[PDB]
Protein chains: 2
Amino acid sequence: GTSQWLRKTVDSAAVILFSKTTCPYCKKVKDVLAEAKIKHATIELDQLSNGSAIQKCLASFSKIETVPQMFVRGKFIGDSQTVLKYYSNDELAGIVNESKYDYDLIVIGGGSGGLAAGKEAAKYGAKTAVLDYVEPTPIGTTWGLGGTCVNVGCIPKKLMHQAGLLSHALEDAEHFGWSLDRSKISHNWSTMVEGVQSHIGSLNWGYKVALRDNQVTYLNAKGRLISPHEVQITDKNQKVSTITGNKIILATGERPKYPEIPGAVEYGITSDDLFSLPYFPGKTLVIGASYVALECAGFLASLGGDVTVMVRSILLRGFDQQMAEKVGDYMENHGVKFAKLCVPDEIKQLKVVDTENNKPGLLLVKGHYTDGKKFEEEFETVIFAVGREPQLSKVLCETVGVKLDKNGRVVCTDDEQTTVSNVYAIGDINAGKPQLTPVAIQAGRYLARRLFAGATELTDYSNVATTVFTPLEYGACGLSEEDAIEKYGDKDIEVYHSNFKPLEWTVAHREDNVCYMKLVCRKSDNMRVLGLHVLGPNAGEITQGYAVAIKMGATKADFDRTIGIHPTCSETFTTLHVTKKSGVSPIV
Amino acid sequence: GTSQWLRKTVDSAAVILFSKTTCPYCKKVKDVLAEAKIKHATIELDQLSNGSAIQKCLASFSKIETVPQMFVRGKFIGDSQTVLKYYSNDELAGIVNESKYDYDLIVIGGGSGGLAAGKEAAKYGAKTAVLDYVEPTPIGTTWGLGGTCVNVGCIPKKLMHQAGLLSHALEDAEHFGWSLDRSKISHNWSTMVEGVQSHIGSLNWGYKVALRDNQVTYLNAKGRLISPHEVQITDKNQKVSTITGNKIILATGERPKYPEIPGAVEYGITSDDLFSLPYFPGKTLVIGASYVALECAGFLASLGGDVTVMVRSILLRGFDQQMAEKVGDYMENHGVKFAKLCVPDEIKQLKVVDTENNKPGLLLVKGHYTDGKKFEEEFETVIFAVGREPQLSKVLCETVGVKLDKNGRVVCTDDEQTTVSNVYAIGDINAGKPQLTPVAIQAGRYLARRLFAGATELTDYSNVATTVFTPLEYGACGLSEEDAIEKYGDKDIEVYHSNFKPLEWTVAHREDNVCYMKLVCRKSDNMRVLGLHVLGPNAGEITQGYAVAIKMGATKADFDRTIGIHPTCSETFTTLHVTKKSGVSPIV
Ligand SMILES: Cc1cc2nc3c(=O)[nH]c(=O)nc-3n(C[C@H](O)[C@H](O)[C@H](O)COP(=O)(O)OP(=O)(O)OC[C@H]3O[C@@H](n4cnc5c(N)ncnc54)[C@H](O)[C@@H]3O)c2cc1C
Ligand SMILES: Cc1cc2nc3c(=O)[nH]c(=O)nc-3n(C[C@H](O)[C@H](O)[C@H](O)COP(=O)(O)OP(=O)(O)OC[C@H]3O[C@@H](n4cnc5c(N)ncnc54)[C@H](O)[C@@H]3O)c2cc1C
Ligand SMILES: CN(C)Cc1c(O)ccc2ccccc12
Ligand SMILES: CN(C)Cc1c(O)ccc2ccccc12
Ligand SMILES: [Ca+2]
Ligand SMILES: [Ca+2]
């Protein structure tokens with residue numbers, strides 16, 4: 001068991017030093033390495049439950065059992081004196097640089113997961129390359145280093161959400177005594193996009209700087225894995241070459257889908273285009289009902305836009321549907337129109353985008369409702385948010401032997417290993433995992449530590465909290481009510497729930513009994529909290545802390561024992577008492 | 001052990017029914033009681049670890065061991081047939097109404113704790129009276145039912161905080177693209193106060209309604225405890241009478257202190273006056289450095305006011321002082337002036353308050369700095385926030401035998417019992433407890449359940465989270481860093497910490513590396529989180545959920561295993577890695 005771990009660690013680490021805290025010769029080694037600007041991992045055996053068993057199995061690799069012991073890419077390099085020997089003779093540089101491969105790690109994809117993995121690996125001496133390339137959208141939109149969330153995802157989405165929330169801050173400001181003429185207030189799309197894009201630009205730059213400062217090689221090149229250790233790269237000039245790496249991390253993410261209907265690629269846009277759009281979308285149709293669809297519809301409406309969402313069947317499939325309905329009801333009551341049970345048949349162009357006055361074009365959308373009536377309506381912008389897909393045939397030679405699933409995602413073990421043992425996948429292309437930026441980051445960093453610093457900790461993908469940044473935000477952690485019932489049976493599920501009203505909404509004259517929270521609990525497991533759900537402002541701030549408690553196995557009694565902070569929305573989780581089975585109303 | 005609990009429960013409950021779920025005759029009893037509008041507690045013995053031992057000891061009270069068993073104020077009333085007997089003969093009303101006392105419970109004080117205790121008790125059949133009276137402030141300010149937080153505390157304070165935050169929403173709105181002429185925007189104090197007061201009024205009314213609907217008697221009368229069971233009440237007409245109750249709850253709270261200097265009572269105001277002030281305070285001096293002082297200074301400054309805080313020694317004594325300094329630095333950088341190491345000697349009047357144009361007066365404040373230089377400056381309003389004190393000589397005849405401490409607070413056991421065994425104290429007058437509205441509520445409700453429904457659960461006063469609603473909010477749960485070090489020693493404490501920047505602040509051009517969080521952990525107890533501290537927006541929403549985890553014994557590893565929600569401020573608690581001892585900078 002310990003020999004398995006040590007065999008893997010030694011084989012994989014780029015530059016690793018086994019050591020103890022109470023060891024001067026070790027410090028001498030650390031100092032020479034620091035002095036020489038040689039990064040490495042370090043495992044202090046005097047701080048492990050079985051450090052002394054480890055010290056013994058080490059002699060199966062070194063033929064000695066003392067510390068320090070220094071390894072490079074699978075080979076015992078020496079004790080203290082052999083390290084100093086190499087140094088003094090200035091042979092240490094060529095030694096810690098000897099490898100069969102150009103790199104210890106090549107990351108294909110410069111997004112949330114891949115950048116986090118790359119940096120963390122370089123920390124421990126892994127010679128690292130990060131490849132990133134942004135295939136243009138059909139209208140030619142491209143962007144810089146950082147991935148989907150930085151450039152066309154969580155970051156611009158939340159900032160445009162914020163611009164929409166400020167709309168309601170302006171309305172509220174009057175009731176709290178601020179004098180402002182709200183009829184001479186308008187929103188300027190292009191000013192907002194410019195501020196958003198200037199922040200993204202600072203992130204593109206910040207990442208490039210971070211990579212340089214960790215001695216990671218950044219290649220703005222499309223990578224293609226041609227064999228287990230060989231990556232072919234095409235640069236801006238279309239020049240092709242080949243680099244080699246020991247470990248490979250696939251972190252290439254996904255791109256938006258279009259529906260296969262006439263006009264969709266030619267005249268519609270996706271989220272990829274929305275967040276840098278050089279004209280105001282104007283009267284907009286969003287096709288879809290994902291969290292992307294609803295978030296985009298929501299902020300466009302709060303910015304004053306005429307907004308319609310075309311929904312084929314239900315809102316937020318895969319989420320708790322009681323909550324999804326409440327999310328949708330709030331939106332419909334606040335200016336989002338819904339074309340329900342409706343699908344698009346074709347987009348026709350009525351006006352071309354004015355690339356020189358920054359005005360939208362004009363489109364005719366034809367579709368049909370389930371009741372057979374035709375949908376026909378003009379929109380200035382049509383946004384598709386009908387899901388996302390991986391692009392791996394563009395990255396993976398089928399001959400390498402990386403197994404994909406039905407949907408084109410990478411089939412992985414619980415340590416992110418593909419069917420090719422030196423090749424790993426993180427982020428959105430890892431089949432079956434929550435598609436979220438902090439998951440991708442935790443995966444990539446924890447993987448890098450296992451590869452290059454002998455760590456064993458795996459990423460825990462269970463009970464991963466989410467927030468949907470709709471106009472009224474929805475945060476959740478754990479199971480939907482319907483999934484809990486399906487799993488355990490209705491008789492074993494108790495649901496506590498309440499409406500609430502943010503104090504901020506009182507003077508502002510906003511709604512009673514719209515915000516809402518519930519805990520879905522398991523009767524037979526001490527009222528274990530199986531899922532937490534909250535609809536209200538700052539729902540991501542509310543939910544995050546409870547995710548720690550849920551990971552620790554929180555019960556209803558743990559919530560009750562805890563004292564609220566007053567006045568907050570979150571404190572209502574500490575006094576819930578109405579159950580659903582009681583029939584008593586949750587209104588307050 | 002079980003006989004102790006049962007003896008107390010039977011003696012104390014007003015109307016209680018022992019029962020089992022699987023008992024038709026019990027349901028028959030419940031139905032007759034429901035039919036008759038007779039409220040009562042109920043203990044289903046088939047749902048207790050020792051319900052069957054309880055069923056036996058019951059015969060020491062009833063001479064029977066079967067369910068149902070119904071008690072009223074210490075006396076076995078009967079089995080099913082004796083209950084029905086009393087009903088059919090319409091003797092049940094006079095039976096469940098027989099008592100040596102007018103009331104099963106008299107609550108002296110209609111605040112957070114007392115109202116919560118009163119309602120909860122009435123639920124189980126306790127005939128309850130709630131007394132509340134609001135002694136006017138020196139300028140004559142008074143208010144309605146609900147206590148300090150509702151009327152002159154947490155509620156108006158947070159709403160005026162919100163009015164100040166909206167100031168920064170207006171500034172931010174421009175950078176997110178909203179066109180608004182910020183130089184023709186001003187704030188109107190009186191409009192704000194009117195909205196705030198209309199909400200408080202709805203709470204005053206809502207409480208009166210809640211009390212009526214739970215058959216609680218509300219007396220707007222000053223109560224004085226003259227013997228263990230006798231309360232003397234003085235009404236608006238100054239008419240004096242005496243009511244009697246079995247249990248007494250003292251929940252009379254505190255009032256602001258004034259410094260003993262000339263002019264203070266005559267010309268200054270406190271928070272009691274601030275939240276209904278009929279004129280704008282204008283150029284304001286806040287004397288004090290409590291969380292009250294800083295919160296008030298902060299929103300007055302965000303409303304555009306010229307604001308000065310006079311500070312005798314340190315900010316936020318009793319709070320983590322690193323955090324207090326960061327709170328104070330943010331305020332000084334955002335328009336609050338601080339007269340440091342300074343105390344007031346006298347207030348002189350220069351202009352009388354214009355009661356008919358709603359304008360402030362004008363005051364000359366004289367004081368002195370520790371360096372001997374004189375302080376002399378004119379202010380339109382001077383606000384004292386130099387602490388609060390109980391008023392119990394106004395409530396407690398010294399002959400009753402309720403022990404007070406040095407500061408005039410009530411000395412209580414951990415079940416809130418005073419030295420007079422039927423008299424309990426909750427809320428701010430309970431010596432040694434956190435002075436917070438949700439503590440008072442949890443205390444009062446859990447006490448009511450122990451008195452009148454045989455519950456045993458005590459209120460847990462440890463690791464009670466707080467938030468200070470300064471312009472940059474500060475949330476905390478558990479120990480300050482200095483208190484952890486003092487308790488466990490510096491070598492046993494590790495502190496993880498980071499700056500962070502709300503995404504909302506980026507486009508808005510606000511500060512990097514001002515918001516800040518830290519976890520204070522114990523090395524020798526598995527890096528147990530001893531205190532959590534966060535400075536940033538929505539800090540109360542951030543902190544609340546983590547208080548559940550801390551109550552459950554969260555470690556640093558529980559935080560790390562948990563996946564962030566992105567983008568939020570709170571997710572930074574899930575990736576902390578820089579320790580203080582490492583000397584590495586927390587900036588990001
Ligand atoms: C509108 C939208 C909003 C979202 N909001 C949130 C949110 O609020 N919170 C949250 O947690 N998650 C959110 N997400 C999801 C989040 O963006 C993803 O989970 C995350 O960005 C995926 O990280 P990744 O490492 O898997 O891939 P990505 O971030 O997509 O990075 C993959 C990189 O590799 C590039 N690439 C692809 N192929 C190659 C190749 N052959 N060679 C070189 N480079 C290549 C890609 O162009 C890209 O730059 C949102 C997503 C969308 C679409
Ligand atoms: C400016 C300020 C801001 C605050 N902000 C917060 C916050 O944000 N969050 C938080 O949790 N806490 C906050 N607090 C504290 C909170 O208000 C108290 O902890 C809480 O209100 C105390 O509840 P209580 O039941 O002990 O007494 P109280 O709420 O003060 O109620 C006591 C009632 O009894 C009345 N009374 C007194 N004597 C008699 C008598 N003889 N007969 C009849 N009635 C009598 C009193 O007039 C009063 O109505 C704040 C306090 C202040 C002063
Ligand atoms: C129809 N059903 C009640 C759920 C629902 C809403 O409540 C609100 C908006 C919707 C839009 C599309 C589909 C369903 C929606
Ligand atoms: C002086 N010391 C550094 C702490 C401190 C601040 O940082 C900022 C404002 C203050 C006001 C009064 C007392 C102390 C204060
Ligand atoms: Ca509670
Ligand atoms: Ca984490």
# chains A, B, ... in the order shown; residues from 1 in each chain; ligands from 1
>>> residues_around(residues="residue A:578", least_positions_apart="3", cutoff="7 Å", atoms="only C-alpha atoms", output="VMD selection string")
chain A and resid 496 to 498 584 586
>>> write_last_selection(atoms="C-alpha atoms", output="PDB file, in the first residue's frame")
ATOM      1  CA  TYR A 496     -38.577  22.546   5.925  1.00  0.00           C
ATOM      2  CA  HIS A 497     -39.183  25.753   4.090  1.00  0.00           C
ATOM      3  CA  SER A 498     -40.093  29.450   4.443  1.00  0.00           C
ATOM      4  CA  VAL A 584     -48.895  24.775   6.715  1.00  0.00           C
ATOM      5  CA  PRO A 586     -44.537  28.938   4.185  1.00  0.00           C
TER       6      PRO A 586
END
>>> closest_atom_pairs(of="chain A", to="ligand 6", cutoff="10 Å", atoms="only C-alpha atoms and all ligand atoms", output="tab-separated table")
residue	atom	partner	partner_atom_place_in_ligand_line	distance
A:438	CA	ligand 6	1 (Ca)	7.6
A:439	CA	ligand 6	1 (Ca)	8.3
A:441	CA	ligand 6	1 (Ca)	8.7
A:442	CA	ligand 6	1 (Ca)	6.1
A:443	CA	ligand 6	1 (Ca)	9.5
A:445	CA	ligand 6	1 (Ca)	10.0
A:446	CA	ligand 6	1 (Ca)	9.7
A:459	CA	ligand 6	1 (Ca)	8.9
A:460	CA	ligand 6	1 (Ca)	9.4
A:548	CA	ligand 6	1 (Ca)	9.8
>>> interface_residues(of="chain A", to="chain B", cutoff="7 Å", atoms="only C-alpha atoms", output="VMD selection string")
chain A and resid 154 159 162 to 163 166 169 to 170 173 175 to 180 185 to 189 191 to 192 195 to 196 199 437 to 439 460 464 to 467 504 506 to 507 540 to 549 551 558 to 559 561 to 571
>>> write_last_selection(atoms="C-alpha atoms", output="mmCIF file, in the first residue's frame")
data_model
loop_
_atom_site.group_PDB
_atom_site.id
_atom_site.type_symbol
_atom_site.label_atom_id
_atom_site.label_comp_id
_atom_site.auth_asym_id
_atom_site.auth_seq_id
_atom_site.Cartn_x
_atom_site.Cartn_y
_atom_site.Cartn_z
ATOM 1 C CA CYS A 154 -18.884 33.620 -15.381
ATOM 2 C CA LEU A 159 -20.609 41.874 -14.290
ATOM 3 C CA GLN A 162 -24.340 43.574 -11.677
ATOM 4 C CA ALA A 163 -25.188 46.237 -14.243
ATOM 5 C CA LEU A 166 -27.830 48.503 -10.370
ATOM 6 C CA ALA A 169 -30.596 50.044 -6.979
ATOM 7 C CA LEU A 170 -31.541 53.186 -8.926
ATOM 8 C CA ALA A 173 -32.559 54.780 -4.218
ATOM 9 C CA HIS A 175 -37.515 55.272 -1.663
ATOM 10 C CA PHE A 176 -34.436 55.564 0.567
ATOM 11 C CA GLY A 177 -34.481 59.326 -0.017
ATOM 12 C CA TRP A 178 -32.172 59.921 -2.990
ATOM 13 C CA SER A 179 -33.494 62.555 -5.404
ATOM 14 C CA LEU A 180 -32.850 61.518 -8.974
ATOM 15 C CA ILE A 185 -31.751 57.905 -16.980
ATOM 16 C CA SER A 186 -30.858 55.428 -19.710
ATOM 17 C CA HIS A 187 -28.320 52.645 -20.062
ATOM 18 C CA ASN A 188 -25.464 52.665 -22.568
ATOM 19 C CA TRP A 189 -24.530 49.127 -23.684
ATOM 20 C CA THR A 191 -19.910 51.886 -22.160
ATOM 21 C CA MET A 192 -20.717 48.767 -20.117
ATOM 22 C CA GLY A 195 -15.596 48.429 -18.889
ATOM 23 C CA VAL A 196 -16.231 44.656 -18.898
ATOM 24 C CA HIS A 199 -11.369 44.026 -16.919
ATOM 25 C CA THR A 437 -14.970 26.865 -12.813
ATOM 26 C CA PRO A 438 -14.028 26.178 -9.162
ATOM 27 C CA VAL A 439 -14.401 22.435 -9.746
ATOM 28 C CA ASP A 460 -14.562 15.603 -4.078
ATOM 29 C CA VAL A 464 -20.907 20.960 -5.094
ATOM 30 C CA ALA A 465 -22.848 24.182 -4.541
ATOM 31 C CA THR A 466 -24.038 26.330 -7.462
ATOM 32 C CA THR A 467 -25.610 29.705 -8.025
ATOM 33 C CA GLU A 504 -33.664 45.968 1.965
ATOM 34 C CA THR A 506 -39.217 46.754 2.743
ATOM 35 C CA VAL A 507 -38.678 50.500 2.324
ATOM 36 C CA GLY A 540 -24.183 32.761 -3.729
ATOM 37 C CA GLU A 541 -22.892 34.486 -0.628
ATOM 38 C CA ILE A 542 -25.728 32.888 1.371
ATOM 39 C CA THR A 543 -25.119 29.352 0.093
ATOM 40 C CA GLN A 544 -21.325 29.060 0.106
ATOM 41 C CA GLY A 545 -20.778 28.663 3.858
ATOM 42 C CA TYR A 546 -23.504 26.061 4.238
ATOM 43 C CA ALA A 547 -21.733 23.928 1.640
ATOM 44 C CA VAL A 548 -18.959 23.343 4.214
ATOM 45 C CA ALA A 549 -21.505 22.244 6.778
ATOM 46 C CA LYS A 551 -19.945 18.400 3.356
ATOM 47 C CA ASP A 558 -27.019 21.643 13.393
ATOM 48 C CA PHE A 559 -28.878 24.448 11.593
ATOM 49 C CA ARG A 561 -28.477 25.091 17.222
ATOM 50 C CA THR A 562 -26.730 27.797 15.222
ATOM 51 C CA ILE A 563 -27.628 31.408 16.073
ATOM 52 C CA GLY A 564 -28.664 33.772 13.289
ATOM 53 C CA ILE A 565 -26.927 36.998 12.278
ATOM 54 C CA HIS A 566 -29.499 39.752 12.209
ATOM 55 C CA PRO A 567 -30.551 41.360 9.948
ATOM 56 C CA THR A 568 -29.651 39.033 7.073
ATOM 57 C CA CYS A 569 -31.455 36.862 4.585
ATOM 58 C CA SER A 570 -29.255 33.873 5.469
ATOM 59 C CA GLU A 571 -30.315 33.741 9.160
#
>>> closest_atom_pairs(of="chain A", to="ligand 3", cutoff="12 Å", atoms="only C-alpha atoms and all ligand atoms", output="CSV")
residue,atom,partner,partner_atom_place_in_ligand_line,distance
A:287,CA,ligand 3,12 (C),11.2
A:288,CA,ligand 3,12 (C),9.6
A:289,CA,ligand 3,12 (C),7.6
A:290,CA,ligand 3,12 (C),10.9
A:293,CA,ligand 3,12 (C),11.5
A:294,CA,ligand 3,11 (C),9.9
A:308,CA,ligand 3,11 (C),10.4
A:309,CA,ligand 3,11 (C),7.9
A:310,CA,ligand 3,12 (C),7.7
A:311,CA,ligand 3,12 (C),5.3
A:312,CA,ligand 3,13 (C),7.6
A:313,CA,ligand 3,13 (C),6.0
A:314,CA,ligand 3,13 (C),4.5
A:315,CA,ligand 3,13 (C),5.3
A:316,CA,ligand 3,13 (C),9.1
A:317,CA,ligand 3,13 (C),10.3
A:320,CA,ligand 3,4 (C),11.8
A:321,CA,ligand 3,4 (C),8.2
A:322,CA,ligand 3,4 (C),8.5
A:323,CA,ligand 3,7 (O),9.3
A:324,CA,ligand 3,7 (O),7.5
A:325,CA,ligand 3,7 (O),4.0
A:326,CA,ligand 3,7 (O),6.1
A:327,CA,ligand 3,8 (C),7.4
A:328,CA,ligand 3,8 (C),4.1
A:329,CA,ligand 3,8 (C),4.5
A:330,CA,ligand 3,8 (C),8.0
A:331,CA,ligand 3,9 (C),7.8
A:332,CA,ligand 3,9 (C),6.6
A:333,CA,ligand 3,8 (C),9.3
A:334,CA,ligand 3,8 (C),11.6
A:335,CA,ligand 3,9 (C),11.9
A:336,CA,ligand 3,9 (C),9.3
A:337,CA,ligand 3,11 (C),8.6
A:338,CA,ligand 3,11 (C),5.6
A:339,CA,ligand 3,12 (C),7.1
A:340,CA,ligand 3,12 (C),4.9
A:341,CA,ligand 3,13 (C),6.9
A:342,CA,ligand 3,12 (C),9.2
A:343,CA,ligand 3,12 (C),11.7
>>> select_by_dssp(residues="stretch 166-319 of chain B", states="strand (DSSP E)", output="MDAnalysis selection string")
chainID B and resid 178:179 186:187 217:219 222:227 230:234 240:250 254:256 269:270 284:287 307:311
>>> select_by_dssp(residues="stretch 314-413 of chain B", states="helix (DSSP H, G or I)", output="PyMOL selection string")
chain B and resi 321-333+392-394+398-400
>>> residues_around(residues="residue B:394", least_positions_apart="5", cutoff="10 Å", atoms="only C-alpha atoms", output="ChimeraX atom specification")
/B:222-225,252
>>> atom_distance(atom1="atom CA of residue B:128", atom2="atom CA of residue B:104")
6.0 Å
>>> residues_around(residues="stretch 350-356 of chain A", least_positions_apart="6", cutoff="9 Å", atoms="only C-alpha atoms", output="MDAnalysis selection string")
chainID A and resid 267 278:279 362:364 378 380
>>> residues_around(residues="residue B:530", least_positions_apart="2", cutoff="7 Å", atoms="only C-alpha atoms", output="list in words")
residues 478, 479, 520, 521, 522 and 528 of chain B
>>> write_last_selection(atoms="N, CA and C atoms", output="PDB file, in the first residue's frame")
ATOM      1  N   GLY B 478     -16.567  33.248  16.194  1.00  0.00           N
ATOM      2  CA  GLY B 478     -15.598  32.570  17.024  1.00  0.00           C
ATOM      3  C   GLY B 478     -14.595  33.560  17.593  1.00  0.00           C
ATOM      4  N   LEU B 479     -13.387  33.095  17.843  1.00  0.00           N
ATOM      5  CA  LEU B 479     -12.408  33.889  18.566  1.00  0.00           C
ATOM      6  C   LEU B 479     -11.671  34.888  17.678  1.00  0.00           C
ATOM      7  N   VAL B 520      -8.467  31.627  11.847  1.00  0.00           N
ATOM      8  CA  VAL B 520      -7.580  31.436  12.996  1.00  0.00           C
ATOM      9  C   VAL B 520      -7.773  29.999  13.422  1.00  0.00           C
ATOM     10  N   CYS B 521      -6.724  29.177  13.312  1.00  0.00           N
ATOM     11  CA  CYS B 521      -6.851  27.744  13.507  1.00  0.00           C
ATOM     12  C   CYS B 521      -5.919  27.273  14.621  1.00  0.00           C
ATOM     13  N   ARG B 522      -6.220  26.077  15.200  1.00  0.00           N
ATOM     14  CA  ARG B 522      -5.426  25.489  16.288  1.00  0.00           C
ATOM     15  C   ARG B 522      -4.614  24.308  15.743  1.00  0.00           C
ATOM     16  N   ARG B 528      -8.326  23.004  13.729  1.00  0.00           N
ATOM     17  CA  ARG B 528      -9.690  23.399  14.052  1.00  0.00           C
ATOM     18  C   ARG B 528      -9.833  24.889  13.824  1.00  0.00           C
TER      19      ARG B 528
END
